[PDB]
There are 2 protein chains.
Amino acid sequence: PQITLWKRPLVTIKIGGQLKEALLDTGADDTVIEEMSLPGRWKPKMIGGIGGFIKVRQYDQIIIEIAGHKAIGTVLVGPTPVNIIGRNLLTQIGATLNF
Amino acid sequence: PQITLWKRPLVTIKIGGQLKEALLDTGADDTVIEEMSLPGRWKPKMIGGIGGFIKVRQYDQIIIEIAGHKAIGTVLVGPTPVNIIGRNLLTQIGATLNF
Ligand SMILES: CC(C)[C@H](NC(=O)COc1ccccc1)C(=O)N[C@@H](Cc1ccccc1)[C@@H](O)[C@H](N)[C@H](O)Cc1ccccc1
């Protein structure tokens, strides 16, 4: 499937058995999900962009579904303004930016 | 042109007659460029990112070139750590997401 960028590129994802929405973000190195109860081992990390950095929980080898596609990798959990699917997982589902 | 996402999707832009690198950023509504002198009228604006808000100068109807494509539209100038090309201009260059 293919998406223009006339609207925010929101897709449904499944994480820890819960449905959420998230932005497919080519500008994001990493994947950042709002605070939630997520089983798994984690370690503290900072992640940043415009406006500075926030402290997040770094979970490795998390199974997540992104628009129907299964991916497994690192997910950062923290006080992000919006759920973000970054390049670490977009690459695993074979997403590309075309023009 | 099909950009895989193993590395940050950086391209060359031309703005105010100067070449710069910039990131193609499907998660950004707007296009934000680091501090530079640009001639003409602007208005003040605040935009938000992962770490909070920054103040920017909002310039409308700027002529810009992005990876060889012409565009004309709104450019925000302020203390972003990375020059970003948001959806307002990505739609002009015809960028789409594919997976
Ligand atoms: C998510 C982050 C892991 C990501 N940052 C990065 O991927 C790398 O961040 C840095 C920070 C400093 C220096 C060098 C690199 C990011 O901010 N990505 C942003 C672009 C960017 C900003 C600053 C530096 C590098 C990229 C955008 O893609 C951003 N995710 C969107 O605006 C999404 C969004 C929409 C609405 C509200 C809040 C967030």
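Hydrogens, waters and symmetry mates play no part in the numbers below; they use all other heavy atoms, side chains included. Quick note on labels: first sequence line is chain A, next is B, and so on, each numbered from 1.
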Check the pair B:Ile50, A:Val32 against side chain to side chain contact (heavy atoms under 4.5 Å, CB included), reporting the backbone distance first and the verdict last.
-> CA-CA 9 Å; B:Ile50 249 224; A:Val32 197; 4.1 Å; yes
Would you give the length of the straight line joining atom CG of B:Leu5 to atom CD of A:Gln92, rounded to the nearest 0.5 angstrom?
-> 12.0 Å
Examine A:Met36 and A:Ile64 and state if one hydrophobic cluster contains both, with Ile, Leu, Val, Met, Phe, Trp and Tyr joined whenever side-chain heavy atoms are less than 4.5 Å apart.
-> yes
If you round to the nearest 0.5 Å, how far is CG of B:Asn98 from OG1 of A:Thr96?
-> 4.5 Å
What are the two closest heavy atoms between B:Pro81 and A:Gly49, and how far apart are they?
-> CG-O, 3.9 Å
Report the option among B:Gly51, B:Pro9, B:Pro79 that has the most heavy-atom pairs separated by less than 4.5 Å from atoms of chain A.
-> B:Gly51
Here the gap from B:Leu97 atom CG to A:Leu24 atom CG, rounded to the nearest 0.5 Å, amounts to 6.0 Å
Do B:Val56 and B:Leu89 sit in the same hydrophobic cluster, where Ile, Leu, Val, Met, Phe, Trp and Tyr count as joined when their side-chain heavy atoms come under 4.5 Å apart?
-> no
Please state whether the side chain, the backbone, both or neither of A:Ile47 comes within less than 4.5 Å of a heavy atom of chain B.
-> both
Cluster link B:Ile13 to B:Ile3, ILVMFWY, side chain under 4.5 Å | yes
How long is the span from the CZ atom in A:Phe99 to the CD atom in B:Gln2, to the nearest 0.5 Å?
-> 11.5 Å
Joint hydrophobic cluster, B:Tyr59 plus B:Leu76, side-chain heavy atoms closer than 4.5 Å | no
Are B:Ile54 and B:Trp42 connected in the hydrophobic side-chain network, where two residues link if heavy atoms are under 4.5 Å apart?
-> no
Do you know which of A:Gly94, A:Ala95, A:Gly68 has the most heavy-atom pairs with chain B at a distance under 4.5 angstrom?
-> A:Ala95
Atom group of B:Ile84 that falls short of 4.5 Å from chain A, counting heavy atoms | side chain
Checking side chain to side chain contact (heavy atoms under 4.5 Å, CB included) for the pair A:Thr91/B:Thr4: CA distance, chi angles, key distance, verdict?
-> CA-CA 7 Å; A:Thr91 53; B:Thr4 62; over 6 Å; no
B:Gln18, CD: over 12 other non-hydrogen atoms inside 6.0 angstrom | no
For the student: nearest non-hydrogen atoms of A:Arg8 and B:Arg87, plus distance | CG-NH2, 3.5 Å
Select, from B:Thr80, B:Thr26, B:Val82, B:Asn88, the one with the greatest count of heavy-atom pairs under 4.5 Å involving chain A.
-> B:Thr26
Atom group of B:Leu23 that falls short of 4.5 Å from chain A, counting heavy atoms = side chain
